[PDB]
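In structure tokens, one chain follows: the form deposited in one PDB entry.
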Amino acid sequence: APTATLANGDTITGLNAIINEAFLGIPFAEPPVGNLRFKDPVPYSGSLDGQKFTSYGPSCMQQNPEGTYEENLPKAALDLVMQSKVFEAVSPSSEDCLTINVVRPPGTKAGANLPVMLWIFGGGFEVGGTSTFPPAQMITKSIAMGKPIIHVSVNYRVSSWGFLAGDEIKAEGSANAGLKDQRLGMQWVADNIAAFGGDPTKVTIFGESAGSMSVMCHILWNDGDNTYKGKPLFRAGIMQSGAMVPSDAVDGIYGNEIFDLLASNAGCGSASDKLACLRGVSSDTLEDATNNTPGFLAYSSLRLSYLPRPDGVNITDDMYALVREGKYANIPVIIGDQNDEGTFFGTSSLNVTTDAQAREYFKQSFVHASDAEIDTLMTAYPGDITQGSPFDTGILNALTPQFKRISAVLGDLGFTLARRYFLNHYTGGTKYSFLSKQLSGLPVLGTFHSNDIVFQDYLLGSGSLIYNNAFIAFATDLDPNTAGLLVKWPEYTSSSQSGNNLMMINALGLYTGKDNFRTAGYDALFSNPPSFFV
């Protein structure tokens, strides 16, 4: 019943879900299989005329979060689950996975010109799919608000399939394939969304964790030039936990190590051209080899095996420098964090129990940091258990004497203080920032990483006022304050500014605060950002 005629003349059919109309699994690129592996996506040439798009397609190949070259129980367990026929059935994945989904309010028609919210999922650049992020909650609230929006989500290649690095990848011009996938989908939106009822000039991009850092990368892409056919691809951005990626160049030390490890695992250790060898192995073999390189939950933790890296061509340099140098798109942005971003990742190093062990874990993780920098970091983030994350929990949550400490560091460097650095240097447009403490009191994890996804797509809570309401108002009017919340959200200018600059959330609701916590950590970390790159 729901119908749309694309830019090339094809007329497709969608599904009518009563509370919304959806067009799921629309292919936007040729399958990145065979020799197309690790390469830039090719725009989809083909006819969709007369086809129905009523279910999400498979996700791209997934990496075992507990993967590693070592052997252990968590690895063995997840693998057991991931290779199970019930899992293969409920959550299918494939290399042919580049599809896009368009969900809109019931009755939307071409020409409606509704603002568009483009969702980029986050799964540590190693797992993820669009099907696990139900848009219904957002769509319904927007209708109730009298501010209807269209929800679009794009699949992108993750892990080795989409973020392989090293000398060979660089020489070929194939760096950051997963990000290029997202870019192509954006171009697809520009060219086709009007047929669905969306306004291509009113696109807001947003994501959480890896999806949020993806949004940052898009603001920095092509030195800030975000146009396609003479027009900007998006007019605003919403970053839920995640800003710049602290990573070395694509042909740096770790990018090359991972490439070589993967090549050995796949049986390409002897190839004169390892890259062509990798395009030749079966997907089973490639999946196998990849699961034998560290996943984000393994001991390596946030020193990721696969993630966006400056290539000198589309991301021209160190991302912190691009932000200092003004090489970004000039757009209004909302960027925020969960109080305790690092607790879930801190669970990966629970065998680290003494200060000497913590120092070695940090040294091993930050190869560019000197001893003095490591010492400064360990002074800024002391052993004192009352000082770590879950923040403000006193002597509680002492899984080990270092857990709270390691959680404070990972959460700050990867997300929370990284955000402050961006905000203190970005002048491209109005800035709004939030900090959630909605789950204060939750044992072990606190207001943990990704809990926002629950209150944005699954359950209603005080946080939904921001994750749905405020975000809908921003995508519609470029000002979250049009949502009619009782607490006015103040513009953020600087972390040293006078007055409250953060929208805050607790179990009861909203209130405002200041972005002046852990200044000692900010300086330990960001005095010379590249000392802590991976």
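Quick note: we count residues from 1 along the sequence shown, nothing fancier. Only residues modelled in both forms are compared. The term rigid core refers to the maximal set of C-alpha atoms that superpose within 1.5 Å between the two forms.
### Query
Of 506 to 514 and 12 to 20, which one has the bigger average CA B-factor?
It is 12 to 20.
### Task
Could you check which stretch, 478 to 486 or 23 to 31, carries the larger mean CA temperature factor in the entry?
That would be 478 to 486.
### Query
Which is it among 172, 457, 260, 248: the one with the largest CA B-factor in the entry?
Answer for 172, 457, 260, 248: 172, with the highest C-alpha B-factor.
#### Entry: Residue with highest C-alpha B-factor in the PDB entry, from 126, 287, 340, 318
In this record, 287 carries the highest C-alpha B-factor of the candidates.
### Task
Compare the C-alpha B factor of residue 118 with those of the other modelled residues in its chain, then answer lowest, middle or highest third.
Middle third, going by the recorded CA B-factors of the chain.
### Task
Taking the values exactly as deposited, rank residue 79 by C-alpha B-factor within its chain and report the matching third: lowest, middle or highest.
For residue 79, the deposited C-alpha B-factor lands in the highest third.
#### Entry: Third of chain Cα B-factors occupied by residue 181
It belongs to the lowest third of the chain when residues are ordered by C-alpha B-factor.
### Message
Going by the CA temperature factor in the PDB record, which third of the chain does residue 406 belong to: lowest, middle or highest?
### Response
It falls in the bottom third of the chain.
### Task
Would you mind ranking residue 304 by its C-alpha B-factor against the rest of the chain and naming the third, lowest, middle or highest?
CA B-factor rank for residue 304: lowest third.
Beyond the structure shown, there is the form deposited in another entry, which is absent from this document and is the topic of what follows.
### Query
Given a rigid core superposition of the two forms, which one of 51, 68, 54, 493 has its CA shift by 2 angstroms or more between this form and the one not shown?
After core superposition, the single residue displaced by 2 Å or more is 68.
### Task
Using a rigid core alignment, state whether the CA of residue 77 is displaced by 2 Å or more between this form and the one not shown.
Shift of 2 Å or more: yes.
### Message
After superposing the rigid core, is the C-alpha displacement of residue 225 2 Å or more between this form and the one not shown?
### Response
No, the C-alpha moves less than 2 Å.
### Per-residue C-alpha change between this form and the one not shown, residue 90, threshold 2 Å, rigid core fit
Yes, the C-alpha moves 2 Å or more.
### Query
Hey, the CA atoms of residue 367 and residue 69 end up closer or farther in that other deposited form than in the shown form, with the change being 3 Å or more?
More distant in that other deposited form, by 3 Å or more.
### Query
Your call: residue 160 and residue 87 CA atoms, closer or farther in that other deposited form versus the shown structure, by 3 Å or more?
Compared with this form, residue 160 and residue 87 lie closer in that other deposited form.
### Message
At 2 Å or more of Cα shift, core superposed, where are the runs of at least three residues that differ between this form and the one not shown?
### Response
Only one moving run appears between this form and the one not shown, namely 67 to 91.
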